[PDB]
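Given as structure tokens, the chain that follows is alone and in the form deposited in one PDB entry.
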């Protein structure tokens, strides 16, 4: 059922790498080198995703060669997603998906590993893995490997629910959405491209884990809200809330924006707590998190990926300013880390 999106609140300014044209050229030449398409129409659709632009908005100060290298990960993701999930009217079986997806996880870890059957664009996954990780630090490569595996595992969970034709509970959605969207992998690629790496102490600290998870969750709720209208021409926050509260998709909208603002409000409180004492690496991650929030909104409605959904405008204030913890025990612990 059709929904009316509400305006988005974001207290950060738009930002974009001033060498975007060069970044996009490197990416289009790479798309053609590895032929990440079966026909000219697929090629045009892949370029129209503007994966280089969203990374360039997240990395406005990074070397354009390195922004191009990490954007290959997103172009590969889009190309492979469109292929694997458009493979017949019958939903992909988890038991068929799992043996393929662990092979892709292995190639992200160690591209010298090869298999008796490989899907198209596996050569491209090897190439982008070497391009991204060869120049990185050992610590950055360890983060790349763990976050890629977590995203592949999360994709598996989405396949499980699609096979069952079922909708997860709101608590289970709020636990897993950060994994199904791969935002930890996104953050790992920001570190590699921009040249930062958290200390083990910071990365493990419960306040920084709450910062990363709250940011990952609200960013992917924005993704869900932008992709709904287009997805309706066929596990979205709208569908999950509608089932949870036994209400219509339109009735779910104010609930979705309340959850969005409460999680982004918590993110801002943790940001305010951590910035004063933050070292150069945590400062760089927080900057990347701010730029990603704007990047999703500024690219999401102009990109051909997600008109089906007109930009609903900018909110002069958040939709929900309550500082109280959300009543979802998978994520309620985040509110314990506020100083």
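For the two forms, the rigid core is made up of the largest set of C-alpha atoms that agree within 1.5 Å on superposition. Numbering follows the first chain given and starts at 1.
The deposited sequence places 4 to 9 unmodelled residues between residue 234 and residue 235. According to the PDB entry, the deposited sequence contains 4 to 9 residues between residue 306 and residue 307 that lack coordinates.
For the two regions 16-24 and 321-329, the entry's Cα B-factors average higher over 321-329. Of the two segments examined, 174-182 and 239-247, it is 239-247 that shows the higher average Cα temperature factor in the deposited entry. The entry lists C-alpha B-factors for 293, 55, 30, 314, and the highest of these is at 314. Among 107, 94, 192, 84, the highest C-alpha B-factor recorded in the PDB entry belongs to 84. The deposited CA B-factor of residue 65 belongs to the middle third of values across its chain. Ranked within its chain, residue 114 lands in the middle third, by CA B factor from the PDB record. Sort the modelled residues of the chain by CA B factor and residue 261 lands in the highest third.
In the deposited entry, the Cα temperature factor of residue 149 sits in the bottom third of values across the chain's modelled residues. Compared with the other modelled residues of the chain, the Cα B-factor recorded for residue 158 ranks in the middle third.
FYI, the form deposited in another entry isn't displayed, but the following is about it.
Of the residues 100, 92, 130, 167, just one CA atom moves 2 angstroms or more between the shown form and the other one under rigid-core superposition; it belongs to 92.
Relative to the shown form, the CA atoms of residue 90 and residue 96 are brought 3 Å or more closer together in the other form. Here's the thing about residue 78 and residue 91: their CA atoms end up at least 3 Å closer in the other form than they are in this form.
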